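Each residue of the sequence shown is one higher than the one before, starting from 5 at the first, in PDB author numbering.
Below is one structure, written out as structure tokens, with a few remarks after it.
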Amino acid sequence: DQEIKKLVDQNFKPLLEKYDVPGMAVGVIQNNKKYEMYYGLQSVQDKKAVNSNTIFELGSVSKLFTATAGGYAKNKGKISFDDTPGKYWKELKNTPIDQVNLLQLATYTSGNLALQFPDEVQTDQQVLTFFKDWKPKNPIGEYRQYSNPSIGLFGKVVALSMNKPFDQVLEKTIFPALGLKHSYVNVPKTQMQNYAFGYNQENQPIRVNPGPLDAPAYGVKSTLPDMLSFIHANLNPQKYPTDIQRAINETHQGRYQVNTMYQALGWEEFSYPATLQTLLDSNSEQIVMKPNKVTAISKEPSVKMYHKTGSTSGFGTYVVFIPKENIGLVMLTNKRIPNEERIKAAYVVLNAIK
Ligand SMILES: *[B@]([O])([C]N1[C]=C(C2=[C]S[C]=[C]2)N=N1)OP([O])([O])=O
Numbered sequence: 005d006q007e008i009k010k011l012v013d014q015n016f017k018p019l020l021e022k023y024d025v026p027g028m029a030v031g032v033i034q035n036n037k038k039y040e041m042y043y044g045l046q047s048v049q050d051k052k053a054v055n056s057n058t059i060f061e062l063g064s065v066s067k068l069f070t071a072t073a074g075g076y077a078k079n080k081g082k083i084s085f086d087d088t089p090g091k092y093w094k095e096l097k098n099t100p101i102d103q104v105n106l107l108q109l110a111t112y113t114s115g116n117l118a119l120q121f122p123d124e125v126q127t128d129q130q131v132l133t134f135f136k137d138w139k140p141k142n143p144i145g146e147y148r149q150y151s152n153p154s155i156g157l158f159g160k161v162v163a164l165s166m167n168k169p170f171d172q173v174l175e176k177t178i179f180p181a182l183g184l185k186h187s188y189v190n191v192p193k194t195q196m197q198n199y200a201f202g203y204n205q206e207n208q209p210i211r212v213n214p215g216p217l218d219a220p221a222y223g224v225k226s227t228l229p230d231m232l233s234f235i236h237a238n239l240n241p242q243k244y245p246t247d248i249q250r251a252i253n254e255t256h257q258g259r260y261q262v263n264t265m266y267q268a269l270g271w272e273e274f275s276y277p278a279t280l281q282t283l284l285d286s287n288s289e290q291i292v293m294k295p296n297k298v299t300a301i302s303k304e305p306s307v308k309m310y311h312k313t314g315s316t317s318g319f320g321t322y323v324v325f326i327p328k329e330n331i332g333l334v335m336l337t338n339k340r341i342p343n344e345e346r347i348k349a350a351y352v353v354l355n356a357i358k
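What follows is the structure, encoded as structure tokens:
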């Protein structure tokens, strides 16, 4: 038990000197006990320490909240995953994108959506026009290409289905249901002093810029204690209201496989125990940047683990949990470090406990 601080100090702390990272928060949850380790500074210029109030940008870990919101809407009957976006976004009815179902948008298999929108797309009108003018390339449902606009559109449709803007879906419904007290799409005036600076590869202070459908794709900010509560909810959904319990369980169901990686809703899913290289290969150039033909799930793993990475220009995130061991880990940094280093450090810590 005294083990956990020592393991995090051994495996995470050296990454600060190695990549010149100003600040880091590492959390472990084991048998419903939380451990919070804080290193360095939230702000270099203000000499302000990382602490339990420090707000970090989650980047792509935001996609897990979008997935949870989708699972909540589905199990309340507001949407079906067999529906197409035109059923909710009326101006997309009978357009080519209206042949793609909500699951295919959520799990990046439209067959023609890249990582980013084109830089030129900024306004609400430019976003609509982009989806109106969309045409298929690969057969729909057959090719995974990891995509912000794909899950972004899924998020916008989930919001329309609940008759609230996406920011209010998370801040008024999903975050309260999960018992999160300091998680935001928009950080309010009263919390700006707790919002860390991110640092770019020149160690210049930076925060995420507004972008098209940013909120559902990479737009959430949170604290270490909130993210440990979120991992707690994913490990122990029974303790939570029926609505959010079903939502969470919906995010754990694998939909297809790309070799050893199973794509669930937001979460990446693996057979446990997974080899280090299985976890590293999940975020290789091949999987993250290029199209990959999917297979149906053949081996449905009895014992599963889940992870997700997140990056903004100034922040790095990693979350992993293993239901069978009742254990999980959160890493938040205010400078990006390679995905490899995040996954490897978490692997050694979680394999040395129990
Ligand atoms: B998500 O946050 C996807 N992602 C990364 C970026 C980016 C990093 S630096 C400039 C832009 N934009 N969207 O993280 P990932 O799944 O790649 O870990």
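Just so it is clear, CB atoms sit at the ideal spot from N, CA and C, and this is done for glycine as well.
Remark: the shortest separation between the CB of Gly270 and any heavy atom of ligand 1 does not fall under 7 angstroms.
A check of alpha carbon separations from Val298 across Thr316, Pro277 and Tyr266 identifies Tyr266 as the nearest. Residue pairing by DSSP places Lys308 opposite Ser275 in a beta bridge. The C-beta separation of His236 from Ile8 comes to about 16 angstroms, leaving the pair out of contact by the 8 angstroms criterion. Taken through DSSP and simplified to helix, strand or coil, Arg346 comes out as helix. If you ignore the 5 residues before and after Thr264, its C-beta comes within less than 6 angstroms of the C-beta of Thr282, all in its own chain and listed in chain order. According to the DSSP assignment, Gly156 belongs to the alpha helix (DSSP H) that extends over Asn152 to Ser165.
Within the same chain, and ignoring the five residues on either side of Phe121 in sequence, the residues whose Cβ sits closer than 6 angstroms to its Cβ are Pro153 and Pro216.
The C-beta of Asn35 has fewer than 16 other C-beta atoms within 10 Å across all chains shown, which makes the residue exposed. In this structure, the beta-carbon distance from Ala29 to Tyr42 falls below 8 angstroms. The three-state secondary structure of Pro100, taken from DSSP, is helix. In this structure, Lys168 sits away from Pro220, with a CB-CB distance that is not shorter than 8 angstroms. Here the C-alpha atom of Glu289 lies approximately 31 angstroms from the C-alpha atom of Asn330.
DSSP, read as helix, strand or coil, puts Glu254 in helix. The three-state reading of DSSP puts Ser64 in helix, counting H, G and I together. Excluding the 5 residues flanking it on each side, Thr177 has same chain C-beta neighbours closer than 8 angstroms at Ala73, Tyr76, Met166 and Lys168, in chain order. In the structure shown, the three-state DSSP call for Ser233 is helix.
With a beta-carbon spacing of about 6 angstroms, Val334 and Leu228 fall inside the 8 angstroms limit used to define contacts.
Remark: the C-beta of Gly90 is outside contact range of ligand 1, defined as less than 7 angstroms to any heavy atom.
Between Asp102 and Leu96 the beta-carbon gap is near 5 angstroms, inside 8 angstroms, which marks them as a contact. If you check the CB distance, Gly115 and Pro89 do not come in under 8 angstroms. Less than 8 angstroms separates the beta-carbon of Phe69 from that of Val224. Using a Cβ distance threshold of 8 angstroms, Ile301 and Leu11 do not count as a contacting pair.
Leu117 and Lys328 have their C-alpha atoms roughly 35 angstroms apart.
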